[PDB]
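> For reference, the structure I am asking about is given below.
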Amino acid sequence: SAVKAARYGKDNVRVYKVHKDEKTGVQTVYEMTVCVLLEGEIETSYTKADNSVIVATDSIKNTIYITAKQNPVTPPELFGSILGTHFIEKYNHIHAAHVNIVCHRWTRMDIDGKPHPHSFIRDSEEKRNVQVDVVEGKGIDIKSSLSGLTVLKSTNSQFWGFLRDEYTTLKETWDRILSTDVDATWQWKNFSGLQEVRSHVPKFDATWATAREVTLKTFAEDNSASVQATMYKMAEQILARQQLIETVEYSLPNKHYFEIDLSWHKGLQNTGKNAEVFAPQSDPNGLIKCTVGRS
Amino acid sequence: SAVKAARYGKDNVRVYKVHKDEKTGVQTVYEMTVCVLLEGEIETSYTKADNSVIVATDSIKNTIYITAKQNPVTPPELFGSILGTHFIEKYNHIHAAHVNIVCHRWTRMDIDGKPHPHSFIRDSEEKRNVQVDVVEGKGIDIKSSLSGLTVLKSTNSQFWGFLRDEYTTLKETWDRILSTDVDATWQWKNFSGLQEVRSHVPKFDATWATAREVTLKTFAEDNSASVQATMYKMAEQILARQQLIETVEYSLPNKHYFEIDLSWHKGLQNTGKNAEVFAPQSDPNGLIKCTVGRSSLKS
Amino acid sequence: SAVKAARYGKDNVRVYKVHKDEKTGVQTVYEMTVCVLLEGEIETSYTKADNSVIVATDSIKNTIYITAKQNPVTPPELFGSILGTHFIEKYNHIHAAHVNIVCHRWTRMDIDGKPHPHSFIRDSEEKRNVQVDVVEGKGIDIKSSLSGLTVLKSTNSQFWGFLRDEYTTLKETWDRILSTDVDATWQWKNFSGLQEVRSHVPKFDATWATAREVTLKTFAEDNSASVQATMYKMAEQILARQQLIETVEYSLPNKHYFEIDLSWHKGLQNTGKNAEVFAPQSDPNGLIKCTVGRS
Amino acid sequence: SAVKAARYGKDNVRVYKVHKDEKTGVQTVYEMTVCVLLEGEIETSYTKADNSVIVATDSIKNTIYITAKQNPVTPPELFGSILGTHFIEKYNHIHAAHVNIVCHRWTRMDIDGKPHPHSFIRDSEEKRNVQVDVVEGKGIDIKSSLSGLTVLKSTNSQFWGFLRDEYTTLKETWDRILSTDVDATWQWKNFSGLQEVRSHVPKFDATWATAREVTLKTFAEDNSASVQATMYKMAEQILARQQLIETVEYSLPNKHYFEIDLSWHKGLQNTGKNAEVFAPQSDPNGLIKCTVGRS
């Protein structure tokens, strides 16, 4: 036998950092869950139980904290590039570091119509994530995403004209509820190193904001018979607004709401144009994906 | 052996309802999860295997849907009252209805600075709930609540002067992070029946909004040495703003964020004044509760 | 306003304890999650911000570890009585202690037909719990329980003869799947003190084993058209076999399996007597409870 | 812009199936959660909002139900293969079907020391899964796995000799608790079509029984200072025992149990050799992987 692939590190490292503005006294908090996986010349740990090549997972955790203490943790794309770069430069036998960061929302509270200097609320469970792969001699690859964004529109969605055969029972419809969770990823062009990433820093937060706004606006405004086409349109606009992006990927796990026929009860009318009360379904669910790139 | 207590019904009934304004075209959606439990003369189902006294759980489900179709589903206090009343008024052997409702947020989207007529976002996992007990001859009991409200203040919280003894290692502190999940319940005065609840409809959303606003503003502004104290201040204010409220109950699960000493690494300072990087702890957690009522002192 | 009730303490304290036999070399592990809430003369911490009456929740945590260190952690009924008593005896202004204990399963592995001395597997998410209320001057109240036990029987469950009116659509049946999670709780007669708890120590594990066995057997063997009667039969047998028990409470959250009609597709027969493939429903679910006492 | 990848289908389809023996009267239940994603000439649903190319996800659902009624649902490697093949044989424009199946446990109850004919218990949360890729003109790729298998060993685990630098605080140890959730996957050699898969049916269940037993035994008996070396010994045995397997992949998320220093309290000794009471840590956790192939 032979070790074809190996990775190891620390997962679920919860980090919090506070920034205190020295002029205004305003504090800003950042909270994230970090995962670091290392690759390199570590085969002997598996074949011979040689631990000499192993950077303990505990030390990896310590390094996460130390790195967050000495550097900016935002935007996460930078933080991840800093953390990943550290391991490949500090250890000669380590050739790739894979950093994954989940950012949690802490939104400043508005109290009496003014933003409070140090109180926050966890508004959504929506996350902002980055996946950063730092590979010796192949620069830095970054994938940025938003996830756990949950939306619903009560009309202006249709579904008709789909294939029909002996497996088909679904009726075509010209007015339905469209609800879905939204996972959107945008892959950056490969970066040559840390210096390049740092010089593109302003683009990260701005592109996250664009992807989020385009997603919301297109979803709300598009009167469509095809969820597939709505997602392609979201992706086209993001690619048009940010040249440094190579691809956009969407994954929409639909959430179904069924009409409830109540006619058996005093001929009560609750279907079609009369549909008022629906039954949200927990499962199963339609899942629709696409990865869009540049022609 | 005998049956001392019995209850049964349908749990986890998911319901959505949309309201459409013909005039404006504006649609409003509502979503919730409903549990209805029934009590009455039903011991025979246990003792003798007599199903003749049993209204099938499947039928309790249809009834929820039929009632949602025929009545306003908001405020939830109204709906649960309409729904529990139906059961004791339609089934002679049914003596009490316990209705639990969880309201999910579907908040209207603002697109390009304006409110969208029919798109919504789930802007938080915060819930608005009600527990309605409709008991034959004893009227309607209502507990209203908010839950899943998660907050953090990064400073202006202290904890010192507590009891110290041989089980104690906690150091006193004048500046710490205070984070918690808020659960607040306000118990209404008993209502005689449905018509009484109907007369007070407007107070329901109003008092939900006050309880929330009082919770946030107190948590943000209070410089308190005990969470116990901060919680008591919240309750006092809610009791003072709404007279139909008999008690306010708060339950606060503390979420700890520990300092991380990094001095073993070249003398790096990250504690006290110099603390910037913390470790949030998933468990264990402090848990603080209180039920606050009206005082019998006339002055 | 006035404080009507107040309680506070430490929740979610995870505890693991190992027992090592020096002769046999066999090891035994216990894992649980503990919650301790205290009551007493603590009003002024709410009303006057007076912390002098506050035993820090952090010191409650220390006390749990210290207590597990110096005492037996099994049966949890005993352990919880010890932990609750300690607080009302150590602090003058504390007059009630509420202890909740969740025990997790670590079942000894069997390797090559033989029980391994020190390897364990989590063989189920089923829990053994205790709730112990130690109230000064009023003894010790113990509720024991099992939860998270999920069962299913493929036939020999019926449901007919139920009330039918204009809100009914359910068709009666004489054959159906019965699946449910089981929550069973047995309330011990009040104990005057720790000495009395200590003298009945052997009764606890045995009653739990009895409660578990009675539950599975009756569930498996009963061919009933009433889940209510089935659980009433369960309670009777437990009450009969253990005199120190005052009440038995069952909570059965049903799990529905719907028949799927496929006759639109080539005359496929999959209903009634021909039903083979079912759709498990995630929600909603029937919920049935009862508390059974002695005449 | 161009569609670079696209896939869509139905997720979280819950399926239950009962097998009744008329002779013996003994029943056997299977329950699983299925996901089917399709790929093909479907770009136009995205670019042109053309649904005529869309096999409705609702019909994909129907199909999984009809397929389960008409065929054996065990072993899952077989069922997955039949279901994936169906799409590429029925539709001109679909060239790949990706089927994921998660099997849940329904273990036959032993009542009075005899197997019960129609009563089951969900012993563990452990799963047996399959991922089948059926791609037009490229055969059928099957990956089998077990997951959610949780184990603990109270001694006979060590960790010393790792790299130590200015980021390292972990002390070396010769006796510690080792606990993990296990995820093991084995990838079969490419199968040419359904008939060849059908020909190896017996091997599927047997290879799953083997991977499970090797994982438990090696974990229980190995006294290693390397989780890495233990997992490598596991993969070796599996590869040695099944020639039709190309690779074995293990993913082990460590679950740490910290020692609690209690000496500050009246000199209590609960460290090193006196350690009896530990604190289970929910996060963070080490995560170790490797993929082991043949030389």
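The residue numbers of chain A are those assigned by Swiss-Prot, with the residues present covering 2-296 sequentially.
The backbone N, Cα and C atoms fix where each Cβ goes, and this holds for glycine too.
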> Name the residue, out of A:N72, A:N191, A:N255, that Swiss-Prot lists for the same 5-hydroxyisourate site as A:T58, A:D59, A:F160, A:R177, A:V228, A:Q229, please.
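Answer, per Swiss-Prot (5-hydroxyisourate site with A:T58, A:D59, A:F160, A:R177, A:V228, A:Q229), from A:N72, A:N191, A:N255: A:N255.
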> Which residues of the same chain, at least 6 positions away in sequence, have a Cβ lying under 8 Å from the Cβ of A:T58 (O2 binding site)?
A:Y9, A:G10, A:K11
> Given a 10 Å Cβ-Cβ cut-off, pick out the one of the recorded positions A:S2, A:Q229, A:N255 that has the most other Cβ atoms nearby.
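Selected residue: A:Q229.
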> Of the recorded positions listed here (A:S2, A:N255, A:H257), which is spatially closest to A:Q229 (urate binding site) when Cα positions are compared?
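When the Cα distances are compared, A:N255 comes out closest.
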> In Å, rounded, how far does the Cα of A:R177 (urate binding site) sit from the Cα of A:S2 (N-acetylserine)?
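It is 56 Å, counting Cα to Cα.
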> At the level of the C-alpha atoms, what whole-angstrom distance separates A:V228 (urate binding site) and A:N255 (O2 binding site)?
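On Cα coordinates alone, these residues lie 9 Å apart.
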> Measure the Cβ-based neighbour count of A:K11 (active site, charge relay system), defined as the other Cβ atoms within 10 Å of its Cβ.
25
> Give me the non-local Cβ neighbours of A:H257 (active site, charge relay system): same chain, 6+ apart in sequence, Cβ-Cβ under 8 Å, ordered along the sequence.
A:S180, A:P281, A:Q282, A:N286, A:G287
> What recorded positions from A:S2, A:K11, A:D59, A:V228, A:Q229 have a chain D Cβ less than 8 Å from their own Cβ?
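Sorted by position along the sequence, the hits are A:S2, A:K11, A:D59, A:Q229.
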> Can you name the residues of this chain that are 6 or more positions from A:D59 (urate binding site) yet have a C-beta less than 8 Å from its C-beta?
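Looking at Cβ-Cβ distances below 8 Å from A:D59 (urate binding site), excluding near sequence neighbours, one finds A:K11.
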> Can you tell me the CA-to-CA distance separating A:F160 (urate binding site) and A:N255 (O2 binding site), as a whole number of Å?
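About 13 Å separates the two Cα atoms.
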> If the 5-hydroxyisourate binders are A:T58, A:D59, A:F160, A:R177, A:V228, A:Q229, A:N255 per the record, what's the largest distance between their Cα atoms, in Å?
52
